[PDB]
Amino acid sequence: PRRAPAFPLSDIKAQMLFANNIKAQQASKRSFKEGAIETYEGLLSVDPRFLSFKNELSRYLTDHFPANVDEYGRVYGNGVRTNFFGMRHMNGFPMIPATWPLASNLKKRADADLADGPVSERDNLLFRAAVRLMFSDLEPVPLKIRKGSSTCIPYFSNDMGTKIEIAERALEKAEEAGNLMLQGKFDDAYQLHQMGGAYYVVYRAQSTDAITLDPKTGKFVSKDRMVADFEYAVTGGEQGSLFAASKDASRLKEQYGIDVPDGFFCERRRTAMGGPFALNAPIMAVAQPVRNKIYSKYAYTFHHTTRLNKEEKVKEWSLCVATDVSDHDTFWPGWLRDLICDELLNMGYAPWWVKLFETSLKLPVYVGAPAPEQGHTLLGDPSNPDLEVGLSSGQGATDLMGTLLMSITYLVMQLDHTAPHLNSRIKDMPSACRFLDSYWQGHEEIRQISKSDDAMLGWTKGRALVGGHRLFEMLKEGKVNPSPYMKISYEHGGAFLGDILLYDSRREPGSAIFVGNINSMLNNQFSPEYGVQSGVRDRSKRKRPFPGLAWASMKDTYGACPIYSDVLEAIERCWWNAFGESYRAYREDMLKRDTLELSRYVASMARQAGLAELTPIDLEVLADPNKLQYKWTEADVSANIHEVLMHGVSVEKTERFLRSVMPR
């Protein structure tokens, strides 16, 4: 059923993905690599003291604080929704092998019994309306760029200077490129303006994954993670095989002499895509304005910030269903891409720009090194972009594509199983838009709060409410999938955007509260995803610019947690047993050091002015800029701090670009 074309790094199609410079060449050839991360300055993730500390803390907490989740995934009691064995990973060493990314998800989707298009005319309107509401009256802003990010194919540059030129250039030739694409000359477009080529696969760590302790054997069990070998990936499942990767960390002893204590495993690795910046720029240019619109006008269902922010909305519900999507990104439907593009043209978006946007969602992928002696292969032909990988992370609007898909999907689940009486309100585009715009503002008897694949569905007192309960029940029994679009189910440990919904005996949205997930504190602090990169002079360019800072926001972030106090003590204690030092003290030092280093990067901070003027968010973001790509937005961060992490292109240059893209 069309095996994807594949080329070796030596084939000219691959070669042309990397420019004639060291950086690029090196990325094309980068071989499999692993090794312990510098968890904190001077501390190796596999250091024996640490591993012991981890073994004792994890064992203890699990024992003394077992999960408090009811038959309905609602979490009550201690706020603990699972054991603490997730920290038992030798951070820095991946499971082998990683997965080859699947070239086409058509068969995957079909075998999962999910639709290949809007299933009913209503749905077709709803999705299309989502596009109309989202892409309509956008306000130009400057194109922000993450500092130290790679431009990937073809240059692989990190120099902000270069990135800016690259972007400004793209905005200037995007139009000419898109047209070249409309004429079917992708090679021309790639060669002339670097808009095309392929995504660069970078494997990322999932520092914590499930691990359980079989009471019978007294042995631990790492959650298996299925992976696709090359054959499977190119044949969309037809041939090849799918199997569990090996998380066994015994090899570490034999290979690096690293002592592996019982019950520790290699990390789970997820694929990630590095988009060719020349192409992603013009897209990001439009993407941010969209974020601004939906986060403002549709702030009810789309703009989420504090534990209290969310709590306010949910408290007024009579029923709150916390859903869960399976493998969101690889399931995302190419038809939604096409539908969106088509509707965009109807709204009146420059063809060339829509063509760029489309192409960006069907681009080939260059697999680096999923395992030793593997990779260096390009999937799909750049001359004629026709892949169906689902959502590709490095794409300029991945979050938007996911939200658009899922938000309408949940609204449909509600309509289908609990609110048929609302169907009559959706007769055509206008009536559809009207309905959706009211729905998104939280003004209907059915509601949702969401971001990509996380969401909470609500029902107020009313006609749909009885249906709501029925649906939730369909979900508990979980024998039938409530949607025709994605595989939905309820989240075992109902939580939204990092905060857990803590129900009391009543088990109701009004008497429930939002506490931080205590586990996430543990994961952030003892299982980071990247080391401290002390070798990188520019902390603003590091994955973890100022680690110590997160101590400051800790109380604010997780304090509301029921077992907070206990865990901090459990830690301090186990840390004493393992290092003969006070963990609190350790972090207070890191806090002081980092707070001082920070002022060097904040123009407005006196050369020793405290953390006075900074929000908890500011801190969590500075400690982990990644939270900016999944939890918060430029708007939730103090301006002077956002500047530290991002740098932008002139509003003039972008505003002019946008003006030629948008319809009105």
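Residue positions are given as counts along the sequence shown, with the first one as 1.
Novice: Where do the C-alpha atoms have the higher mean temperature factor in this entry, in 14 to 22 or in 648 to 656?
Specialist: Taking the mean C-alpha B-factor of 14 to 22 and of 648 to 656, the larger value falls to 648 to 656.
Novice: As stated in the PDB record, which stretch has the larger average Cα B-factor, 204 to 212 or 332 to 340?
Specialist: Higher mean C-alpha B-factor in the PDB entry: 204 to 212.
Novice: Just to confirm, going by the entry's C-alpha B-factors, which of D262, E388, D187, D416 comes out highest?
Specialist: Across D262, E388, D187, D416, the entry lists the biggest C-alpha B-factor for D262.
Novice: When the CA B-factors of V621, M605, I37, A27 are compared as recorded in the entry, which is the largest?
Specialist: Of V621, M605, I37, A27, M605 has the highest C-alpha B-factor.
Novice: Grab the CA temperature factor for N523 from the record and place it in the lowest, middle or highest third of its chain.
Specialist: Its C-alpha B-factor, which the entry lists for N523, ranks in the middle third among residues of this chain.
Novice: Among the modelled residues of this chain, does the Cα B factor of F32 put it in the lowest, middle or highest third?
Specialist: For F32, whose C-alpha B-factor we compare with every modelled residue in the chain, the answer is the lowest third.
Novice: Tell me, lowest, middle or highest third: where does the Cα B factor of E231 rank within its chain?
Specialist: As the PDB entry reports it, the C-alpha B-factor of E231 lands in the middle third of its chain.
Novice: Ordered by C-alpha B-factor within the chain, which third holds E373? Give me lowest, middle or highest, please.
Specialist: Its C-alpha B-factor, which the entry lists for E373, ranks in the highest third among residues of this chain.
Novice: C-alpha B factor of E473, ranked within the chain: lowest, middle or highest third?
Specialist: CA B-factor rank for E473: lowest third.
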